[PDB]
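Asks: See my_file10.cif below, with mmCIF, C-alpha atoms and all ligand atoms.
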```cif
data_coords
loop_
_atom_site.label_atom_id
_atom_site.label_comp_id
_atom_site.auth_asym_id
_atom_site.auth_seq_id
_atom_site.Cartn_x
_atom_site.Cartn_y
_atom_site.Cartn_z
CA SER A 96 0.00 0.00 0.00
CA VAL A 97 0.90 3.66 -0.49
CA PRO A 98 -0.43 6.61 1.53
CA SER A 99 -2.05 9.34 -0.58
CA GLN A 100 -0.07 12.56 -0.98
CA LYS A 101 -2.92 14.46 -2.65
CA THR A 102 -3.30 18.02 -1.30
CA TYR A 103 -6.71 18.45 0.33
CA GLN A 104 -7.78 21.57 2.22
CA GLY A 105 -11.10 20.04 3.28
CA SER A 106 -13.89 21.75 5.20
CA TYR A 107 -11.55 23.60 7.55
CA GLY A 108 -9.25 24.98 4.83
CA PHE A 109 -6.23 23.15 6.22
CA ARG A 110 -2.80 23.97 4.84
CA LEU A 111 0.78 24.22 6.03
CA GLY A 112 2.98 27.27 6.49
CA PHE A 113 6.75 27.68 6.63
CA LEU A 114 8.99 30.38 8.09
CA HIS A 115 11.39 32.42 5.94
CA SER A 116 14.82 31.52 7.31
CA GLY A 117 17.03 32.36 4.32
CA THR A 118 19.95 30.39 2.93
CA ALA A 119 22.96 31.53 4.96
CA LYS A 120 25.37 28.62 5.28
CA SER A 121 24.72 28.61 9.04
CA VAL A 122 20.93 28.15 8.75
CA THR A 123 19.68 24.90 10.35
CA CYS A 124 16.27 24.67 8.68
CA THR A 125 15.02 26.37 5.53
CA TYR A 126 12.02 25.95 3.28
CA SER A 127 11.94 26.34 -0.49
CA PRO A 128 8.53 27.34 -1.90
CA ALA A 129 9.79 26.91 -5.49
CA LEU A 130 10.77 23.29 -4.78
CA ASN A 131 8.14 22.71 -2.05
CA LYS A 132 11.05 21.27 -0.11
CA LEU A 133 12.29 21.58 3.44
CA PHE A 134 16.05 21.45 3.98
CA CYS A 135 17.16 20.74 7.54
CA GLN A 136 20.06 19.58 9.67
CA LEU A 137 19.95 16.30 11.57
CA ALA A 138 17.72 16.49 14.67
CA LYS A 139 17.20 20.25 14.47
CA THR A 140 13.93 22.04 15.16
CA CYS A 141 11.74 22.31 12.05
CA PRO A 142 8.93 24.82 12.64
CA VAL A 143 5.84 23.85 10.63
CA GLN A 144 2.77 26.08 10.83
CA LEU A 145 -0.77 24.77 10.68
CA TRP A 146 -3.26 27.16 9.05
CA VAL A 147 -7.04 26.78 9.07
CA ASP A 148 -9.89 28.97 7.82
CA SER A 149 -12.13 27.69 10.61
CA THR A 150 -11.70 25.79 13.88
CA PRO A 151 -11.93 21.97 13.63
CA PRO A 152 -13.82 20.03 16.35
CA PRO A 153 -12.25 19.15 19.72
CA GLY A 154 -10.42 15.83 19.29
CA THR A 155 -8.98 16.84 15.91
CA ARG A 156 -5.38 15.62 15.49
CA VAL A 157 -2.39 16.22 13.19
CA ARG A 158 -0.31 13.32 11.87
CA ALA A 159 3.09 13.35 10.15
CA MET A 160 4.34 10.46 7.99
CA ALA A 161 7.27 10.10 5.58
CA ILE A 162 7.18 8.18 2.30
CA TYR A 163 9.74 7.83 -0.48
CA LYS A 164 9.06 10.31 -3.29
CA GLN A 165 10.18 8.04 -6.13
CA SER A 166 7.38 5.70 -7.17
CA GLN A 167 9.70 2.67 -7.36
CA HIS A 168 10.53 3.14 -3.67
CA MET A 169 7.14 4.20 -2.40
CA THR A 170 6.17 0.82 -0.95
CA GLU A 171 9.29 0.81 1.21
CA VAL A 172 8.73 1.89 4.82
CA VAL A 173 10.74 5.04 5.51
CA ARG A 174 12.82 4.36 8.65
CA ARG A 175 16.02 5.43 10.41
CA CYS A 176 19.21 3.72 9.18
CA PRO A 177 20.91 0.75 10.87
CA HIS A 178 23.23 3.18 12.63
CA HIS A 179 20.82 5.85 13.88
CA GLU A 180 18.19 3.40 15.16
CA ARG A 181 20.89 2.16 17.58
CA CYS A 182 22.41 5.41 18.83
CA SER A 183 20.23 5.57 21.96
CA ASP A 184 19.22 9.19 21.37
CA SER A 185 15.71 8.37 22.59
CA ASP A 186 13.66 11.26 23.94
CA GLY A 187 11.84 8.64 25.99
CA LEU A 188 8.74 8.74 23.78
CA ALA A 189 9.69 8.23 20.13
CA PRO A 190 10.65 4.71 19.12
CA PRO A 191 14.34 4.65 18.00
CA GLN A 192 13.26 3.52 14.50
CA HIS A 193 11.13 6.64 13.76
CA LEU A 194 12.57 9.20 11.35
CA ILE A 195 10.15 11.95 12.34
CA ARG A 196 9.73 13.13 15.92
CA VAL A 197 7.63 15.88 17.45
CA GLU A 198 9.60 18.09 19.80
CA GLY A 199 8.32 19.42 23.14
CA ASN A 200 4.85 17.86 23.14
CA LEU A 201 4.14 15.21 25.76
CA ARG A 202 0.81 14.42 24.10
CA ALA A 203 2.58 13.27 20.95
CA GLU A 204 1.80 9.68 20.02
CA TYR A 205 3.96 7.44 17.88
CA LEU A 206 2.34 4.75 15.71
CA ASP A 207 3.75 1.55 14.20
CA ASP A 208 0.93 0.69 11.83
CA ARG A 209 -0.04 -2.94 12.45
CA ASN A 210 -0.79 -3.49 8.76
CA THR A 211 1.53 -1.25 6.70
CA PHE A 212 4.32 -1.19 9.29
CA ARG A 213 4.68 2.52 8.47
CA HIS A 214 5.66 4.98 11.20
CA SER A 215 3.86 8.18 12.11
CA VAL A 216 3.61 10.72 14.89
CA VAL A 217 0.32 12.45 15.76
CA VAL A 218 -0.58 15.24 18.21
CA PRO A 219 -3.79 17.00 19.26
CA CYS A 220 -4.57 19.95 16.99
CA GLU A 221 -4.57 23.01 19.25
CA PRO A 222 -6.02 26.49 18.64
CA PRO A 223 -3.63 29.39 18.02
CA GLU A 224 -2.55 31.09 21.25
CA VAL A 225 -3.83 34.60 21.98
CA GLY A 226 -2.40 37.08 19.50
CA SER A 227 -1.39 34.32 17.11
CA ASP A 228 -3.06 33.40 13.83
CA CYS A 229 -1.74 29.85 13.49
CA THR A 230 -0.41 26.95 15.51
CA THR A 231 3.14 25.65 15.12
CA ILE A 232 4.48 22.12 15.46
CA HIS A 233 8.20 21.49 15.89
CA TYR A 234 9.49 18.43 13.98
CA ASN A 235 12.91 16.74 14.11
CA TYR A 236 14.23 14.46 11.37
CA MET A 237 16.51 11.84 12.94
CA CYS A 238 18.51 10.68 9.88
CA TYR A 239 20.40 12.20 7.00
CA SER A 240 18.93 11.78 3.52
CA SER A 241 22.28 10.20 2.65
CA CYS A 242 22.31 7.56 5.40
CA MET A 243 23.47 4.20 4.07
CA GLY A 244 21.04 1.36 4.67
CA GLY A 245 18.25 3.87 5.35
CA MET A 246 17.03 6.69 3.11
CA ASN A 247 20.26 6.14 1.22
CA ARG A 248 20.17 9.34 -0.86
CA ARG A 249 16.52 8.76 -1.83
CA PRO A 250 14.24 11.82 -1.59
CA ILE A 251 11.32 11.60 0.84
CA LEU A 252 8.08 13.48 1.30
CA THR A 253 6.47 14.30 4.59
CA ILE A 254 2.70 13.98 4.54
CA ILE A 255 0.77 15.99 7.11
CA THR A 256 -2.81 14.91 7.64
CA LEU A 257 -5.51 16.58 9.67
CA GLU A 258 -7.76 13.87 11.10
CA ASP A 259 -10.84 13.54 13.32
CA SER A 260 -10.91 11.59 16.58
CA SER A 261 -11.43 8.33 14.64
CA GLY A 262 -8.48 9.10 12.38
CA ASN A 263 -10.62 9.88 9.33
CA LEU A 264 -9.20 12.36 6.82
CA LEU A 265 -10.06 16.06 7.20
CA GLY A 266 -7.15 17.66 5.37
CA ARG A 267 -3.79 16.83 3.81
CA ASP A 268 -0.66 18.75 2.76
CA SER A 269 2.88 17.59 1.96
CA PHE A 270 6.43 18.70 1.28
CA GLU A 271 9.69 17.12 0.18
CA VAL A 272 12.40 16.91 2.82
CA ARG A 273 16.18 16.77 2.58
CA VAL A 274 18.10 16.20 5.81
CA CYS A 275 21.64 17.36 5.17
CA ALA A 276 24.64 19.05 6.76
CA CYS A 277 24.26 22.40 4.96
CA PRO A 278 20.58 23.13 4.27
CA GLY A 279 21.22 26.71 3.13
CA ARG A 280 23.78 25.73 0.53
CA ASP A 281 21.76 22.75 -0.73
CA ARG A 282 18.66 24.92 -1.08
CA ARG A 283 20.57 27.51 -3.14
CA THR A 284 21.98 24.73 -5.30
CA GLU A 285 18.70 22.93 -5.97
CA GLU A 286 16.90 26.23 -6.62
CA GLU A 287 19.64 27.14 -9.09
CA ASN A 288 19.43 23.78 -10.85
CA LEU A 289 15.66 24.28 -11.10
CA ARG A 290 16.13 27.70 -12.70
ZN ZN B 1 20.95 7.56 9.73
#
```
Take the structure I supplied and represent it as structure tokens, if you would.

Replies:
Amino acid sequence: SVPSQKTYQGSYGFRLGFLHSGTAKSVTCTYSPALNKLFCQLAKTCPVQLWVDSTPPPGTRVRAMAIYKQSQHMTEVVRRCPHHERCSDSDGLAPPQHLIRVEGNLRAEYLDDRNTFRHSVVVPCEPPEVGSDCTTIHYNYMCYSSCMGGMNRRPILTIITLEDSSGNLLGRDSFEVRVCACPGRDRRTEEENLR
């Protein structure tokens, strides 16, 4: 099986937002709108905004899941490499095999799907705080794109789904991710190649 990556705003007008961090060679996380691609360093905070036109019901949740972008690899479960799954960098909540973690949210839940064996991490969808127009989730990616025996230089996508208390689909967005040592330089390079 293969999770859908089809963009779907749904009844609440769900969509993602990214900060504008630039491409200085020191930047740790940067988003390219032209490529729809997030570039980030290993295990660094990746701020992802959640935008809605109207408030979804209490019990609404937000799930993040990675799949391989290339169709010939799409049935492969995206997981941490044989090295990183064993480096004992557990935050006490995320299984060591999970590529994507949520940072600073004790209500985060991590799922090993009993049928697809795919990994995901889901949190309650919270309203914007006072004087804010959106909510922000902080993600960490726990492997390099280049990791041998894992992603192995294959591009991935992160799929973000808004779901109801039963886990039914309310909204979906997605973005490509590259976890690398120099996100700012790699963004400039890929944007140049695109041009
Ligand atoms: Zn790795």

Asks: Do you know which residues are at most 12 Å from residue 270 (chain A) counting all atoms listed in the file, after dropping those on the same chain fewer than 3 positions away, and could you put them as a PyMOL selection string?

Replies: chain A and resi 100-102+110-113+126-134+143+159-164+250-256+267+273

Asks: Kindly provide, as a PDB file with C-alpha atoms, in the frame of the given file, all nucleotide and amino acid residues lying within 6 Å of ligand ZN 1 (chain B), counting only C-alpha atoms and all ligand atoms.

Replies:
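Result written to part.pdb:
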```pdb
ATOM      1  CA  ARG A 175      16.020   5.430  10.410  1.00  0.00           C
ATOM      2  CA  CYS A 176      19.210   3.720   9.180  1.00  0.00           C
ATOM      3  CA  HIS A 178      23.230   3.180  12.630  1.00  0.00           C
ATOM      4  CA  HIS A 179      20.820   5.850  13.880  1.00  0.00           C
ATOM      5  CA  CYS A 238      18.510  10.680   9.880  1.00  0.00           C
ATOM      6  CA  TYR A 239      20.400  12.200   7.000  1.00  0.00           C
ATOM      7  CA  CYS A 242      22.310   7.560   5.400  1.00  0.00           C
TER       8      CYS A 242
END
```

Asks: Ranking A:289, A:218, A:274, A:232 by minimum distance to residue 201 (chain A) and counting only C-alpha atoms, which one comes first?

Replies: A:218

Asks: Find the residue from A:168, A:193, A:288, A:264 that sits nearest to residue 247 (chain A); use all atoms listed in the file when measuring.

Replies: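 Ranking A:168, A:193, A:288, A:264 by distance to residue 247 (chain A), first place goes to A:168.
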
Asks: One number please: CA of residue 149 (chain A) to CA of residue 106 (chain A), in Å, one decimal.

Replies: 8.2 Å

Asks: Between CA of residue 123 (chain A) and CA of residue 141 (chain A), what is the distance, to one decimal in Å?

Replies: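 Calculated distance between CA of residue 123 (chain A) and CA of residue 141 (chain A) is 8.5 Å.
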
Asks: Using Å and a single decimal, report how far CA of residue 121 (chain A) sits from CA of residue 138 (chain A).

Replies: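 Between these atoms lies a distance of 15.1 Å.
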
Asks: Name the residues in contact with residue 199 (chain A) at a cut-off of 10 Å, using all atoms listed in the file, excluding same-chain residues fewer than 2 positions from it; report them as a list in words.

Replies: residues 186, 196, 197, 201, 202, 203, 232, 233 and 234 of chain A

Asks: Taking all atoms listed in the file into account, which of A:136, A:99, A:200, A:192 comes nearest residue 180 (chain A)?

Replies: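 Ranked by minimum distance to residue 180 (chain A), first place goes to A:192.
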
Asks: Pick out the residues sitting within 12 Å of residue 155 (chain A), and hand them over as a list in words; count all atoms listed in the file, and ignore anything fewer than 6 positions along from it in its own chain.

Replies: residues 107, 109, 217, 218, 219, 220, 221, 222, 256, 257, 258, 259, 260, 261, 262, 263, 264, 265 and 266 of chain A

Asks: Could you tell me which of A:145, A:97, A:195, A:122 comes closest to residue 268 (chain A) if we count all atoms listed in the file?

Replies: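 Going through A:145, A:97, A:195, A:122 one by one, the smallest distance to residue 268 (chain A) is for A:145.
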